[PDB]
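# sequence, then the experimental structure. Questions to follow.
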Amino acid sequence: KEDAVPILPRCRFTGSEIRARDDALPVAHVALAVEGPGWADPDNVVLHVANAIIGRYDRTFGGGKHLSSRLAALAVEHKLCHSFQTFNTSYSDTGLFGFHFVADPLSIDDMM
Amino acid sequence: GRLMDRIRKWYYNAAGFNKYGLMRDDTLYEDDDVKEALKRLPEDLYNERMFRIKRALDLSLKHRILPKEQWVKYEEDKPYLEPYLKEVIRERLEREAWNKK
Amino acid sequence: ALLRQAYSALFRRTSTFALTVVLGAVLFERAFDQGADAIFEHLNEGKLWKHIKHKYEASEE
Amino acid sequence: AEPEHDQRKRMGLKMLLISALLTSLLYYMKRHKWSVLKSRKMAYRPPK
Ligand SMILES: CCCCCCCCO[C@@H]1O[C@H](CO)[C@@H](O)[C@H](O)[C@H]1O
């Protein structure tokens, strides 16, 4: 028993949402993700390449409107958000592939 | 004796908004005075009112009500807005009167 | 599993979903009509011209 | 008075079946979509 590594019970993913609303906060945060494959899967390599195409942004990127990331360009052109990031958080048996962004109340919709 | 009180408490239960967890004042039609009154409410009272209402609408879309336990009791119904609303109407009537003179 | 197969083959891609509705309709019509007409005529045996037609159809004068 | 009589009734048969079918189907879809709000749960969490 002492030298056997314990296998953890699997965690069920659920398409769903949780909305914590507080209009008194200056900017809104939104994260959206689908279930990932987990460390061992080779696809994680492709997923990361994918996230690279979309990439990330934040009002201090100098590239501004010329950034190669389409989403980044749009965010700039239309003042869509203060920032956004893609991620591919892995775990043993599962993971989270998604993106998170920070925007002003009135631009959440376009950004999303 | 306690006639008016028997009637009121009766109508109160007959009305039925307490089954949604709403206070009498939560059910007021928001005309001009009521709108001003609401702007004067302290933050906490205002947020509580908001939740009670949001909750009611959700129960309403679900075609459910709260469990009998959670029903607002006649004597525990807090008239949180009546005080403000009366002052707003008092102020308004003053102006109306004064602008006539 | 048909549901999974159906999903993968038909309902996943919007293009195939439309193709399934069209082809689905063409087949549904053909079947549905034949069936309804079938039911209608059974519930009305010997009352329709289709039924009595033979009596005057090349069997008189 | 009404030569359409038989056709009219044959049409009623098809109308009912398609009506029965289409209504059930649309009831499910309406329910499927609303399920999100029907089962929705909320809570009031003030910094109290
Ligand atoms: C709610 C939607 C109801 C649509 C019902 C469509 C059925 C119409 O079906 C009709 O039946 C007649 C009799 O066989 C035929 O003569 C017509 O050509 C046919 O269009």
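Thanks, I have the structure now. Residues are numbered from 1 along each chain as shown, chains lettered A, B, ... in the order given.
# secondary structure element holding residue B:57?
Per DSSP states H and E: residue B:57 is located in helix B:43-62.
# and that helix, what's buried?
Neighbour-count burial for helix B:43-62, counted by 16 or more other C-beta atoms under 10 Å in any protein chain shown, picks out B:45, B:48-49, B:52-53, B:55-56, B:58-59. Where you see a C-beta, it was placed from the backbone N, CA and C, and this is true even at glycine.
# now stretch D:30-46
Buried, per 16+ other C-beta under 10 Å, within stretch D:30-46: nothing.
# do stretch A:69-84 as well
Neighbour-count burial for stretch A:69-84, with 16+ other C-beta under 10 Å as criterion, is recorded at A:69, A:71-76, A:80-84.
# check those against chain D, which are close?
Counting by C-beta under 8 Å from any C-beta of the partner chain, nothing from those sits close to chain D.
# okay, and which of these map to strands?
Among the buried residues of stretch A:69-84, the members found in strands (DSSP state E) are A:83-84.
# any idea which of the buried residues of stretch A:69-84 is closest to residue B:95?
Of all the buried residues of stretch A:69-84, residue A:82 has the smallest distance to residue B:95: 45.0 Å, by C-beta to C-beta.
# contacting residues around that closest one?
Residues near residue A:82 by C-beta atoms under 8 Å, 6 or more residues apart in numbering or on different chains: A:27, A:58-59, A:102-104.
# swap in 7 Å and give it another go.
Taking C-beta atoms under 7 Å, 6 or more residues apart in numbering or on different chains, we find residue A:82 in contact with A:27, A:59, A:102-103.
# what residue is smack in the middle of chain C?
residue C:31 (2.0 Å; C-alpha atoms, centre = their mean).
# wait, does the helix or strand hosting it contact chain D?
Per DSSP H and E: residue C:31 is located in helix C:14-42. Yes. Against chain D, helix C:14-42 shows contacts by C-beta under 7 Å from any C-beta of the partner chain at C:36, C:39-40.
# distance-wise, check residue B:40 relative to residue D:21.
From residue B:40 across to residue D:21, the span is 57 Å (C-beta to C-beta, to the nearest Å).
# what is the neighbour count of residue B:85?
19 (other C-beta atoms under 10 Å in any protein chain shown).
# quick one on the thing from earlier: what's the spacing between the residue nearest to the centre of chain C and residue C:23?
Taken as C-beta to C-beta, the span from residue C:31 to residue C:23 is 13 Å.
# and residue A:88, that one's in a strand?
Yes. Secondary structure of residue A:88 (DSSP: H, G, I helix; E, B strand; the rest coil): part of a strand.
# so it sits against residue A:47, correct?
Yes. Counting by C-beta atoms under 7 Å, residue A:88 does reach residue A:47; the two are 4.8 Å apart.
# residue B:81: what's its closest spatial neighbour, skipping adjacent residues?
Leaving out its chain neighbours, the residue that sits closest to residue B:81 by C-beta to C-beta, 6 or more residues apart in numbering or on different chains is residue B:25, at 4.1 Å.
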